[PDB]
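J.: Sharing a structure here in structure tokens format.
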Amino acid sequence: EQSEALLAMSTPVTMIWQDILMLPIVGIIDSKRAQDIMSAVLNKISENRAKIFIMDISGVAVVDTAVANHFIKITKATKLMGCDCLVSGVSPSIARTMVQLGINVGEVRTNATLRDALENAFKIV
Amino acid sequence: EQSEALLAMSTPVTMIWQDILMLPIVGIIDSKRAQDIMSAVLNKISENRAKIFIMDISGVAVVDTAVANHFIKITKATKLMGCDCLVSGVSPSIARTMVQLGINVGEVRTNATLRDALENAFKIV
Amino acid sequence: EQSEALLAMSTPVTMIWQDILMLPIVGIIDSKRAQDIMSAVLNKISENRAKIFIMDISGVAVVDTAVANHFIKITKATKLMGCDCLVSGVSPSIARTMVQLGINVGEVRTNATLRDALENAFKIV
Amino acid sequence: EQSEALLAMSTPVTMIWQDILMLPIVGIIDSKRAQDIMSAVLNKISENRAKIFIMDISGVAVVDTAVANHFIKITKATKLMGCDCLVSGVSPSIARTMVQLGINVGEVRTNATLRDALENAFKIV
Amino acid sequence: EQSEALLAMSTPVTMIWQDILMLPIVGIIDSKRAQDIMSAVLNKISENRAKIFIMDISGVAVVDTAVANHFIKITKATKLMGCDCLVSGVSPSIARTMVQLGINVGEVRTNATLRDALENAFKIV
Amino acid sequence: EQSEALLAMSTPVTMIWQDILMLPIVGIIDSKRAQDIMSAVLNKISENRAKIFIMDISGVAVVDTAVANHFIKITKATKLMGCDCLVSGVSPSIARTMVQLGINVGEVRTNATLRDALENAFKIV
Amino acid sequence: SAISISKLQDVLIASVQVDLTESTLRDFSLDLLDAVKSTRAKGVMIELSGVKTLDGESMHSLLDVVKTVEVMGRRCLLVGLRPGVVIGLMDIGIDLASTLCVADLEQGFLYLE
Amino acid sequence: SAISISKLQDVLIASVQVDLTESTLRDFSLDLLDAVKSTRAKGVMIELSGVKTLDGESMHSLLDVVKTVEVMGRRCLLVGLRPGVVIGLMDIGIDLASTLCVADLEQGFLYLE
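The listed protein sequences derive, respectively, from chains I, J, K, L, H, V, b and a. Numbering (PDB author numbering) for the first sequence: 170 to 294. Numbering (PDB author numbering) for the second sequence: 170 to 294. Numbering (PDB author numbering) for the third sequence: 170 to 294. Numbering (PDB author numbering) for the fourth sequence: 170 to 294. Numbering (PDB author numbering) for the fifth sequence: 170 to 294. Numbering (PDB author numbering) for the sixth sequence: 170 to 294. Numbering (PDB author numbering) for the seventh sequence: 3 to 115. Numbering (PDB author numbering) for the eighth sequence: 3 to 115.
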């Protein structure tokens, strides 16, 4: 039930008024579950095509190694769908652990909390 | 961990840009956990006093009997704080099960999905 | 108790919104009680200095002989306090009994009921 | 004579310029006399139909138990005549004794002294 | 010394900026001293001819019988110079004692405290 | 009686239209009486809080040594209440006797007679 | 007695420093407020619950209700200890909606009046 | 401890309920105010002397002075018990003119800021 309870969590964290989309989630999570989320975003996008979407990781529960991978690959996939993705919320040591990985590819759009994210969206709007 | 993972879920489902607040959650949930959520809303309200807040139950997982009780007492609770609380998302048979309970007290404000809720909020805004 | 009940009557019949003042009372009344009223007006005037004040005798209960005397002396005293006094309400045979007394001194301001009195006051206002 | 002197008191405490009406009275009073006042208001209302009327109890002489009853029933009757009734003046412990009665029904209009009452009336005017 | 201290009091209670004049004094006072004040006003008037002057008796210390006489004759006197004299401050029972004297001649100008007196003066100004 | 006659003098020499205040007095006076005046000003200030007040010493009767002390401490005192106090009237040799005392602290506001004092006040007004 | 309260404009400023175990002090405050109402005659009234260590005084809730009604005057509450205050308050329930959290515990409804 | 104080806008509202015999409580209040200054960072500060049963605390006057100066912030006093407060206050004398009787003990300098 807790799995399905987990699955219950992602779809709301995607939907928002005015076709804006986003995706807050827990940081220490299963990789296969992340692939699930990957599948969820694709179907969600079909459900309502949205150029607007974001990755929210506010307070990521744990900065797992493969977890970056997901958002590494995930960020790329979402934006390049033609469906933009942004990081609005996150932890800093989470970020350090990331930068310390020597990560170099990232050059996407991000924001400060769901506050600056919406401001930008209502501006892309 | 899944508990704390649950606790991880409620605080984001409360916070929103522009001091607007809301609270989406799973419908079949523990009553003690709901009291936890009760406590969470109080502290959240202190954290940032917000006249704006909503109860979101979109797709309530299960229409549990005591669960109404929570939102019965809870809905009264936002107004008790002096805060506003609205129901933006929910299931219909969930509602029928409720009305069938012969529920009669409810006379609060609600909305259609997070769409009409924000519209109203940006109007109360 | 009825005395104090009487005393209860005069102070309200003096006070009015916007510092306007007046004094309706029963026509057949005790002379000593009238001196009391005399004392009441003085203190009332101190309480709130008012240039506006009126003597109301609408439907004077009985046109007593000494009773004129009071309002004779009273009218003079009140106006000359620098605190004007006007007669807004009264009976006609009451008046005849007065004129029949051969009364001659009166040359003060009066009005028709509390209606024309206020109109004038809101004009002196 | 003092009775009729009492009866002398209520009708003036009802009449006012511009068809406004009100009713100041002594707080410790006879219940049958209050029924008299009840009768007086009805006839007064016929005499000049007035949507404007008020109950004034400034400095109620004594907060008698049945006396509430009168104004309980009285307030209801007057307003529902289609002839509004307001409380402009009163004592506070008088009020406490009332609230302490656990009174719960009252939800009518009131005012601060004959000052805020007229202001409102000249606004309903 | 207290006499001369008394004499010290009247001349200031006469002088005022802008040639306005007035005369506050204690109510229970010596008649000969009042004649002194009479003399003082004459000289004061010469000193600076003033059409503006007032009799102030605020809180007259005691409503002495001969004391009226003074202000009776005295009031007539300002007019006699052609000077103006007004009563701005006084007590009410003081006034009653006066009216009770059956006083009838007074028909001069008066005011409410030094407030309405100046207002009038700045209007005669 | 002359004492109370003295006490009669100070309160009027304090009160003025438009909440302006001042205090003319005799120069050779008792020190304890001056403390009385001190007490009078405090109560007077409560009676009507006034930021405006003045010390008038026109024609001070005698430049007594301790008398300065009073106005020394007294002047400081208006400022101590936060009240304003000004010297509008005074004698010159009175002043010389003062300056000759080698007085040095004074740096407060003053005026020429009750004329320039009011002008300033109507400007602070 | 130590308790005291002052008002800005026609706006009263009642203040809950702590849960007043004394409902007698509750009565005392009620008396003070009625006295104030009689003298001041001003309309706005406010109350700040910094904390209510004790809750469930239906009588205190009643005091709150009478204070709105007799005053026939404005009435707002700064919610304190809500987590433990409100759950008890919610257990009590409420039949009124006149007052609410003071928008800024002062600044909000001062502005509002 | 019973003593507590709250602020509207950036305006502090210190309140003298009674003469605080405890200069230690004076120290306590000083501490609270400095703590408040550090956290709130707001500028306006006010103090209401409803009464000062005891006067001549040069140390308390000093407390008043430090409170204006360290705050580098606004500072006003509602004069209470002046007749007996001021004479003692006048016996003490003063070397400053920054503060004054609060214009409306709140409404006056609230407006003023």
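Think of the CB as a built atom: it goes at the ideal place given N, C-alpha and C, for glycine as much as any other residue.
Between the segment 85 to 101 of chain b and the segment 47 to 60 of chain b, can you find at least three pairs of beta-carbon atoms closer than 8 Å?
T.: Between the segment 47 to 60 of chain b and the segment 85 to 101 of chain b there are three or more inter-stretch CB-CB distances shorter than 8 Å, so the stretches are counted as touching.
J.: Along the beta strand (DSSP E) that carries a:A4, what are the first and last residues, could you check?
T.: Counting along the chain, a:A4 falls outside any beta strand (DSSP E), and DSSP gives it neither H nor E.
J.: Comparing C-alpha positions only, which one of K:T180, K:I226, K:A281 sits nearest to K:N212?
T.: Closest option to K:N212, Cα to Cα, is K:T180.
J.: Where do the ends of the alpha helix (DSSP H) carrying b:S100 lie?
T.: Neither: b:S100 is in no alpha helix (DSSP H) and is coded neither H nor E.
J.: Expressed to the nearest angstrom, what Euclidean distance is found between the alpha-carbon atoms of b:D106 and J:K220?
T.: 10 Å
J.: Could you name the residues that DSSP lists as bridge partners for b:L10?
T.: b:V13
J.: Less than 6 Å between C-beta atoms, sequence neighbours within five positions excluded: which residues of the same chain meet that for L:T279?
T.: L255, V256
J.: Any beta-carbon of chain H closer than 8 Å to the one on K:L192?
T.: no
J.: Runs of 4 residues minimum, wholly inside the segment 237 to 278 of chain V: which ones carry the alpha helix (DSSP H) assignment?
T.: 261 to 269
J.: Run through the DSSP bridge pairs and tell me what b:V18 is partnered with.
T.: b:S51
J.: Of all the alpha helix (DSSP H) runs that stay within the bounds of the segment 183 to 247 of chain V, which reach a length of 4 or more residues?
T.: 200 to 216
J.: Roughly how many angstroms lie between the CA atoms of L:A230 and L:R265, to the nearest whole one?
T.: Cα to Cα, L:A230 sits roughly 14 Å from L:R265.
J.: So is b:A4 in contact with chain C if we call contact Cβ pairs under 8 Å?
T.: In the structure shown, chain C does not exist; the protein chains are I, J, K, L, H, V, b and a.
J.: With three or more C-beta pairs closer than 8 Å as the rule, is the segment 67 to 78 of chain b touching the segment 223 to 238 of chain J?
T.: no
J.: So, helix, strand or coil for a:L80, using DSSP?
T.: strand
J.: Drop a sphere of 10 angstroms on the beta-carbon of K:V232, count the other beta-carbons inside from all chains shown, and report buried for 16 or more, exposed for fewer.
T.: buried
J.: What did DSSP end up calling b:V88 once you bin it into helix, strand or coil?
T.: helix
J.: Is the beta carbon of b:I48 sitting closer than 8 Å to the one on b:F111?
T.: yes
J.: Is it buried or exposed, L:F291, if we count other Cβ atoms within 10 angstroms and call 16 or more buried?
T.: When all chains shown are included, L:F291 counts as exposed.
J.: With 8 Å set as the bound, which would you pick, yes or no: does the beta-carbon of L:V268 sit closer than that to a beta-carbon of chain b?
T.: yes
J.: Taking Cβ-Cβ distances shorter than 7 Å, what residues in chain K pair up with H:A281?
T.: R218, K220, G251
J.: Please state whether the Cβ-Cβ distance between V:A286 and V:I194 is less than 8 Å.
T.: no
J.: By DSSP, does a:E115 sit in helix, in strand, or in coil?
T.: coil
J.: Consult DSSP for K:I293 and reduce its assignment to one of helix, strand or coil.
T.: helix
J.: Please classify I:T183: is it buried, with 16 or more other beta-carbons within 10 angstroms of its beta-carbon, or exposed?
T.: buried
J.: Along the alpha helix (DSSP H) that carries b:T26, what are the first and last residues, could you check?
T.: 25 to 42
J.: Assuming the contact rule is C-beta atoms closer than 8 Å, V:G196 and V:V236 should be a hit. Round their C-beta distance to whole Å, please.
T.: 6 Å
J.: Using a Cβ-Cβ distance cut-off of 8 Å, determine whether a:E108 contacts chain b.
T.: yes
J.: Excluding five sequence neighbours on each side, which residues of the same chain lie with their C-beta closer than 7 Å to the C-beta of K:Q187?
T.: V294
J.: Confirm, please, whether the CB-CB distance from a:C78 to a:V38 is below 8 Å.
T.: no
J.: So for a:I94, helix, strand or coil by DSSP?
T.: helix
J.: With the cut-off set at 8 Å, would you say b:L50 and J:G251 are in Cβ contact?
T.: no
J.: Provide the residue span of the alpha helix (DSSP H) that contains b:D66, from first to last.
T.: Here the alpha helix (DSSP H) through b:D66 covers 60 to 73.
J.: With 9 Å as the limit, tell me which residues of the segment 79 to 113 of chain b have their beta carbon closer than that to any beta carbon of chain a; keep them in chain order.
T.: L80, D106, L107, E108, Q109, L112
J.: Does DSSP classify L:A174 as helix, strand or coil?
T.: helix
J.: Excluding five sequence neighbours on each side, which residues of the same chain lie with their C-beta closer than 7 Å to the C-beta of a:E59?
T.: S25
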